[PDB]
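See structure below.
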There are 2 protein chains.
Amino acid sequence: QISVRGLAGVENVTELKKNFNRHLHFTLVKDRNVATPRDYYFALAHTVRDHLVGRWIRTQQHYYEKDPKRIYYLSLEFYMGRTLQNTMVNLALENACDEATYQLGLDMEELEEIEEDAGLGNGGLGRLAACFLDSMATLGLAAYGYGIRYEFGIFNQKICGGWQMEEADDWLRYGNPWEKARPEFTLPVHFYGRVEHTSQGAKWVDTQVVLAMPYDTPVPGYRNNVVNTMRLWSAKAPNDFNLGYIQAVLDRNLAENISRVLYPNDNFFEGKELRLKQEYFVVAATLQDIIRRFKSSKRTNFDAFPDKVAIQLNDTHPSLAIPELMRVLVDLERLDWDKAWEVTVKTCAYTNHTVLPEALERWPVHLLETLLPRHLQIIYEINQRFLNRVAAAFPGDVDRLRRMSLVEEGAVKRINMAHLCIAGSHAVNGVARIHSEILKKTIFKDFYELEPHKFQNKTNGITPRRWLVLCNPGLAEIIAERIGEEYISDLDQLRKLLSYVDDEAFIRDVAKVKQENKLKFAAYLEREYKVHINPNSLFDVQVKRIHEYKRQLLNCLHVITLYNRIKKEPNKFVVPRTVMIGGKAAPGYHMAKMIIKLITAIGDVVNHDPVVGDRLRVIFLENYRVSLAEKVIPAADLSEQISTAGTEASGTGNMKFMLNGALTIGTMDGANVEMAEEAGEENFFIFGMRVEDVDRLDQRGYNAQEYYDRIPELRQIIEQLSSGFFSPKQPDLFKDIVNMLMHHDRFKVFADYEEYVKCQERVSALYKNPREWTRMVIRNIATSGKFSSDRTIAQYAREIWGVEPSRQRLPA
Amino acid sequence: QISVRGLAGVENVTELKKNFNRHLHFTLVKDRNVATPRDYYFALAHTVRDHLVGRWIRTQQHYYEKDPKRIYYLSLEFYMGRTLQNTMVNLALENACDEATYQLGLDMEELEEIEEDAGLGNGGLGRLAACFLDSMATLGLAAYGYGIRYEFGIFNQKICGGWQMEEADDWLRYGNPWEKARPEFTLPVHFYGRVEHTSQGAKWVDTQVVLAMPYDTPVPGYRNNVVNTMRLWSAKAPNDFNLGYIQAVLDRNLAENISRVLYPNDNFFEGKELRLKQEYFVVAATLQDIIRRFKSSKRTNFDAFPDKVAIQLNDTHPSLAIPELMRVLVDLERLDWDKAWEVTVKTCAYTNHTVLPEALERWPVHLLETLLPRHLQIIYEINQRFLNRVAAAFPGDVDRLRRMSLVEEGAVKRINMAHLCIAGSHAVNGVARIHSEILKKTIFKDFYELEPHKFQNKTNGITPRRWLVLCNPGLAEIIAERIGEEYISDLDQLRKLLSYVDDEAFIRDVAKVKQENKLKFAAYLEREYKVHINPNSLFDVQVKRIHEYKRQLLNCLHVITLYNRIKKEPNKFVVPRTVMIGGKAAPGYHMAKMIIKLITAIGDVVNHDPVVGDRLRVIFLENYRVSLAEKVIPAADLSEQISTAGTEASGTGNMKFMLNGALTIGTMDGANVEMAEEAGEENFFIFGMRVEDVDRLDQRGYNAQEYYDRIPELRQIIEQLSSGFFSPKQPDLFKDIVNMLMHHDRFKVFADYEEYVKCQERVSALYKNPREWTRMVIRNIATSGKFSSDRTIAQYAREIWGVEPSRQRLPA
Ligand SMILES: O=c1[nH]c(=O)n([C@@H]2O[C@H](CO)[C@@H](O)[C@H](F)[C@H]2O)cc1F
Ligand SMILES: O=c1[nH]c(=O)n([C@@H]2O[C@H](CO)[C@@H](O)[C@H](F)[C@H]2O)cc1F
């Protein structure tokens, strides 16, 4: 049908149909008379998987023969979404499978909807890991993603009576055709116990043992025949575990609970023992596997270890890799401390994802003492040696010594895991230019002064395979018609589109693709949720995890302003909008749960007011996840990126909207700054305080009452919330929200309100002129190239890992 | 190589090799360079499984079209063992696969050893269910086995310091290629709650829900292209289960624990709540599935239900089927009580497996009250109506009323599940002629008097596929050479062998096959256990679960007698023996654990005494299970079947030894009586008290001291045990054993000692004359035909289920 989806050759289609029928019969044990759409999905998945196998085997054979430096990406989260379409895209099989299934009397898009998301992450950090795996394979790097195979991923969100309810994400119920269990590579992991000192060093004894069983999932590169591996560990009890008899067998669950469930917190640290066990479990199994592969490659020369191994730490979650590597090298391999430390530093690098104090991992010493006694001792020794260096560099500066210590003093002694990561890594990076600068100026200032060479920036990116070709084939096609297909793995080529900004045909085509996407999404909503929207309205979208810093509340204030203005002048023309907000709240985060209730409560009033009509709709998008992002992002006109300046490290949702033809309303925060720089400030809707303005306000003290007193429209909204206008049956329902905004608002919602509302007026003004709206859109798409994760990964490769990317094809 | 293993045609072999390589590549994702023997096993298993699929699909299609009466065999145990070789035998693929793997450079027998036993049973009762499934498929019956998919089967037994240790049987660790998950047929099961009475009958409300997910395993018939189904249920929590958040997800384990582990008790009732949950879980899911299939076949006519459905209860474990069927028919389908009861009685039949009082299920009322409140009410109503019938038949007989009641009075009120099964079944059977007679004379006398027509006998049997063709191909072949292959599904044809009892060639061939089997087994022991035996000795074998009634202790007394006699006259000739005892003890059964220690302790003394040499060896066979039975039984010369008369209902191990060329030393107990009747008493080594003799001794009182006083050789053994001869470091180790034998022996070990020892002398006498030993063996094999489970199943089919067996082939 469309060019970018590849060839549908007679031979290919014939073979696909044949193998589909083989799998339905032999694999699924069904015939066409009893088969359901789910059976058909699985028959297709197995058929496509078969095409990965040969390439997967020979890629791994190639790495053994060539013996390149290996890259190990350690993460507690891999937010993968669905795999079927992504695999077809990367293998150039989409059109062929579409034809084959069509000839069998099946709709492929209907089959695609059956696959469960692999929802093994919370949001930005987890999705970054997924985009990174795609780019590393596309760039021919010998890379492995290592994580945990959670039996339950991020919860499914149901909205009941306007409230979030959580349901278990039982994603493995029907099986996972993509993974391959590798019980033969099972490894032991140790917990608890005690440390014994012998004539020949320390020994960690009397431990409890949990087995780590790996499951491997293929990661295909874009049309280069490279297939890399994501290896996820599952927890298993040993067979003599607890071994009255019945209870001992039932108690195996205690060991296996380690890999049971993903902690559903986003940008928030919870110091629970089970989470610490998860962090060590992934680190211990992964490091053993790395060392095994290093020894088996081509007495043991660990001096060359950093030449053949790079370990990237995604946040501090796998920070225990640092003392674990020291433990293995010193206690087991018998290297001297100084040599082991040199190897460790040159091997490890650390990526920071936030500056919010509540997100920083600070583990109580008493927890580490009980669970990991040898690691605590190693951490104390690292700290002593590090502080000896600080004292030599800054003699007499006693406060610097306490500020920089890995051990924090107080009520409970804690270990600062970020301090550990900086000390034990050769590179530390932030994830956008402004964020990386904030790190050097504020929270890691002391460390930057000691070791300036360690600090880098690597601006985040997204993969243009999932986030353009897959989710928006209509846009991919009209671009390819003009500039060819090379841009899919070289996104900077989108700049060529600048020469079409005055092209009347292109303008019409860009706008046509957006309309079609909006129609399709408007239909999706009616079918699956019985919600009814006007597809001719401006689609105003804010999708991301619910958090006070992201300021969904500022969006709510604007929505109520628009409603109040309509009620004041009902017969005045306004540009129609559909305001869509979606995202999950952490189950324990009360204020985020209250914000969801507020959004639905506003919808309850606005959507049923006869005077409003179809001029304003407010919709909460339930169960926001990767597969939903792929649907809504291509349909969006306006992307809301409105975090308080200095709080969103980078953002990546922002980049997805830019690539897909939405304009951005945003603060100068995270990557928004670089996006505006690339496109031109005149092609962005920037408003509000800059970081420096927030700093000034903090200095004199933020007083929300001042804004309430001086802005009549703001006062009206607060009075409506307080008096029960949006909750008639429970007048005081939103008291906590009002109290927070008036007395305890860390994120200064009122301070950006006036400029936000005015900027929104400018958006509505431009939308009234379709031609100029679309020309600005083209200027955004054309300059989105920098935000490909291929660019990001090439920078990590050259500046941190010391490896060269390759666009060269492996033989098919 | 050998005829009975089928053809190895060029086309077949070529295709098998091709598919083996396909599975290694696509299914296992390996090449020949990295593959292990386990990978090769799996590639073969998938290749063989592929051959089952077409036949499995069309068998189930055939039953839908023909709509025959369906047979449902309900059991908490299916002791299946390994599946690979059994499947090859039944499909006639053994020689072809042997050739194909040979050409690939692999040894098939080595690959077969990799498969884990499906050890989903304890012993005789569970293995009977497995043999029954094989026979039902071979006889073309539309039969389904229904049970629980335990994640952990019967524990693996390790012997440490002479003691039993238990390890978890993690049989699913590497996957199970034979099963197919069917999550689409998942069904809810209800627990707890309360009963509400409405205008329209009772309602069971406020329940907890557990999901039952089925897994289907194919059951191939012998070369008839029939493939039946064994459907095993797995427990799953619903997704809103318990739905702070983390704990709610972790607590799912509580629901899923229902299918976690097999209770390891053999002939012993333990009244634990979890076991009751297992029993209802299998019954509730199974009955819903049966009713669904009945409604979907060809408003709803339940009068015809018993014409299309038979439910066989394997012991009382699934007895809740009776009140569950009443519940569904009365509460849900709204039938009147009397009609529902008629349907229930005509549908259900019950098989009793023991008369030992400690094995009988008597559930406390308080347990049923809390867990299954509606079932308790239904049971009370069944009891009231049943007792009203008894009162009408036997007016004034008040003690009969209390004896026959389903409710037992006392300290704790209990429900007698055997009484429930008799009341609610149209047929009740024992499992050997003597057992069935004991039921009518003793424990069920009252019930027999009320309803004599209900009581039947169905003597147990074993499948000649697993228990001859599979485990003893050498014997199968020499038989086939003379009488053809038809006997494999018509075992009565073995009678033709009586005309070869004087055939010098046949005599030599029978003895040659035994020697080879013994050599192979003697080698297996050295390889896997480093134990060294003389293959020219008489192989004296007792393998079965460890229990006081089975009298492994009587065997021990004989062994010590032989040792003492040798020590008394060292230079006298004795027929050399290897005495082998194996079997598992229930983890909580102290006396059985002590018996295992005694056996190893005797071995410790006997096997290291230089004066004994290789004339006497005592070996404990570790981890006795189905796969081990297949190895040892063909190697045995003497089969020990020495339970106290009246205690072993039938036995089936006895039949396996008879078929495989061992002679039997035994009491007139269970099926031993019918075996001796078939072969002729002169061709059996019968000794000891008959049932009537045990009864007489009980009347005057059993006094063990009398035997100790009158038998000097017995006195010597007891003094050796007491004084610490067999435990020098712990002199009083066996005090409990001596005390039991002297003061509290329910099974009268001393009373059979003299006759047992004398009978053993007659065995040794015959073994000295190889030719006459072998002629007696031929007379046993030739008359083993009655003990085929094909005969047993044909009797169930005609006399209980009302269906006709068929040897007719389905199209391939
Ligand atoms: O716990 C966190 N969970 C999360 O999604 N993040 C996010 O990481 C993304 C990838 O770098 C960035 O784009 C965002 F700015 C950041 O908020 C940060 C966290 F600390
Ligand atoms: O719990 C029991 N577990 C068991 O193996 N059985 C056995 O059942 C076999 C099959 O009928 C018979 O051959 C045996 F006589 C009997 O002991 C009886 C039980 F009650």
Side-chain angles (χ1 to χ4, degrees), chain A residues 20-47 82 84 101 104-107 110-117 151 156 167-179, chain B residues 49 52-53 56-61 63-64 70 72 144-149 172 175-190 209-218 227-241 252 255-256 258-259 281-282 284-297:
Chain A
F20 181 98
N21 282 323
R22 182 178 51 83
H23 276 118
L24 187 70
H25 186 81
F26 293 96
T27 301
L28 303 179
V29 190
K30 296 266 178 159
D31 61 21
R32 288 296 300 254
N33 310 307
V34 291
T36 55
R38 175 166 285 105
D39 297 309
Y40 294 132
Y41 158 71
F42 277 100
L44 182 54
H46 284 100
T47 298
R82 293 167 178 161
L84 180 58
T101 52
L104 265 13
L106 302 165
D107 182 3
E110 183 197 309
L111 300 185
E112 284 166 353
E113 287 302 315
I114 292 144
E115 181 176 6
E116 295 281 339
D117 282 39
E151 292 181 17
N156 286 313
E167 283 191 351
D169 167 48
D170 191 13
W171 74 291
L172 298 161
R173 176 180 31 199
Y174 297 95
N176 172 5
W178 310 109
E179 67 185 7
Chain B
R49 173 200 172 274
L52 278 168
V53 169
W56 199 12
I57 289 164
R58 65 189 306 165
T59 303
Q60 304 304 318
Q61 188 66 257
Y63 299 155
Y64 181 79
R70 309 294 213 281
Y72 297 105
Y144 307 74
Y146 272 96
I148 297 177
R149 182 184 179 263
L172 298 161
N176 172 5
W178 310 109
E179 67 185 7
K180 181 71 196 66
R182 297 297 201 197
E184 60 268 39
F185 301 121
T186 295
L187 260 14
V189 177
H190 297 266
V209 176
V210 179
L211 303 178
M213 170 172 295
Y215 287 73
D216 290 353
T217 293
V227 182
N228 282 346
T229 299
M230 177 185 62
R231 173 161 283 181
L232 306 176
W233 301 101
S234 186
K236 263 265 194 176
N239 284 346
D240 62 347
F241 182 85
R252 289 170 61 92
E256 305 178 341
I258 294 160
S259 55
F281 179 73
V282 68
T286 299
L287 274 171
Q288 283 180 86
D289 208 35
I290 290 169
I291 289 161
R292 172 164 60 182
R293 195 176 289 110
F294 171 77
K295 289 183 173 193
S296 299
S297 66

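Within every chain, numbering begins at 1; the chains are lettered A, B, ... in the order of the sequence lines, protein sequences first and strands thereafter.
- A donor-acceptor contact closer than 3.5 angstrom links the side chains of B:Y63 and B:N228.
- In terms of modelled atom types and a separation under 3.5 Å, the side chain of A:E115 and the main chain of A:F42 share no donor-acceptor contact.
- Scanning both residues, B:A237 and B:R252, for their nearest heavy atoms gives O-NH2, 3.2 Å.
- In this structure, the side chains of B:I57 and A:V29 come closer than 4.5 Å at one or more pairs of heavy atoms.
- Here the closest heavy-atom approach between residue B:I258 and residue B:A235 is recorded as CB-CB, 4.1 Å.
- Between the side chains of B:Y72 and B:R231, no donor-acceptor pair of N or O atoms lies under 3.5 Å.
- Using a 3.5 Å distance cut-off with no hydrogens or angles, the side chains of B:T286 and B:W233 do pair a donor with an acceptor.
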- Query: Checking salt bridge (charged side-chain N to carboxylate O under 4.0 Å, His left out) for the pair A:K30/A:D39: CA distance, chi angles, key distance, verdict?
  - Reply: CA-CA 8 Å; A:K30 296 266 178 159; A:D39 297 309; 3.5 Å; yes
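- The backbone N or O of A:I114 lies less than 3.5 Å from no partner atom in the side chain of A:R82, so there is not a single donor-acceptor pair.
- Taking both residues in full, the closest heavy atoms of A:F20 and A:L106 are given as CZ-CD1, 3.7 Å, listed atom of the first, atom of the second, then distance.
- Side chains of B:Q61 and B:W56: a donor-acceptor N/O pair is absent below 3.5 angstrom, by distance only.
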- Item | Derivation of the side chain to side chain donor-acceptor pair (under 3.5 Å) call for A:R32 and A:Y40 | CA-CA 9 Å; A:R32 288 296 300 254; A:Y40 294 132; 2.7 Å; yes
